[PDB]
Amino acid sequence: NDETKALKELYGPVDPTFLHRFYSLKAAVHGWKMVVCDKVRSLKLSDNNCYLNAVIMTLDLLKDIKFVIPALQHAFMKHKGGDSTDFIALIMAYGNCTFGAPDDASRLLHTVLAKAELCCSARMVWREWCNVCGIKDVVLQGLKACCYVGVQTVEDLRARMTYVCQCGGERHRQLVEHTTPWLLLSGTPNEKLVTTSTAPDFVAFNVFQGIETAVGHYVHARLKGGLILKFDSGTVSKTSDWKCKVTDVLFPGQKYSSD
């Protein structure tokens, strides 16, 4: 009927529990606050929501994104206008997150971005080849050219990758052209020593603290004013050097080609 069609337009294809979960999360996260730290908003720690601090503060760095699901875009707009409750509950709902339960910031971040599109240009070109099957270029446009799960440095992104071809032989692919407004790389928690004597090539990153087989804690970090800013769920401190397990790394616009 008309009502079912409208919910479909509004939230897109969702499971039968979705609307109940959304509305319950909406009520449940009503008390959460977005607090201003160093002139930016951070999600105040509550009910194990640190992974949402990471996700929210990362999205806020991603220029020219827009959500293709209308309720999500509206909530996103409201969030930017300073009322974040809807956006938070909605991403929890799309993420199948449970209130008060700890979760995975990278899984959520890329689940959310899968519903988004880019309002500007972006392009990857990959060269793939097989000794038997030959060579083909693969072009990729928009938001998908701006994210990669599986590596955390640009050089690992640009390295030759080996896998198995359709034909049974080994196949290779490798990035040979890349133009983006930004670049989000994500991987498993990975120990890096981050220093600011020389400005790192990335502009922000997220950190998992603790053993990965237990419940840890997330911090969102930004490189600013020659320093590292650590946004720990509503609070912010500053350091120069930091040995930490990095998860998501955000880089600036890419502009690369390989002859």
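Residue indices: 1-based, along the sequence shown.
Averaged over Cα atoms, the B-factor as recorded in the entry is higher for 129 to 137 than for the other of 111 to 119 and 129 to 137.
Comparing 93 to 101 with 168 to 176, the stretch with the higher mean C-alpha B-factor in the PDB entry is 168 to 176. Take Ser42, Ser197, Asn49, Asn206 and read off each C-alpha B-factor from the entry; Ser197 has the highest. Highest CA B-factor among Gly82, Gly150, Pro181, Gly142, as stated in the entry: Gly82. The PDB entry assigns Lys63 a C-alpha temperature factor belonging to the highest third of its chain's modelled residues. Per the PDB record, residue ranking by Cα B-factor puts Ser106 in the middle third of the chain. Per the PDB record, residue ranking by Cα B-factor puts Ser186 in the lowest third of the chain.
Split the chain's modelled residues into thirds by C-alpha temperature factor. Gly210 is in the highest one. Compared with the other modelled residues of the chain, the Cα B-factor recorded for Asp241 ranks in the lowest third.
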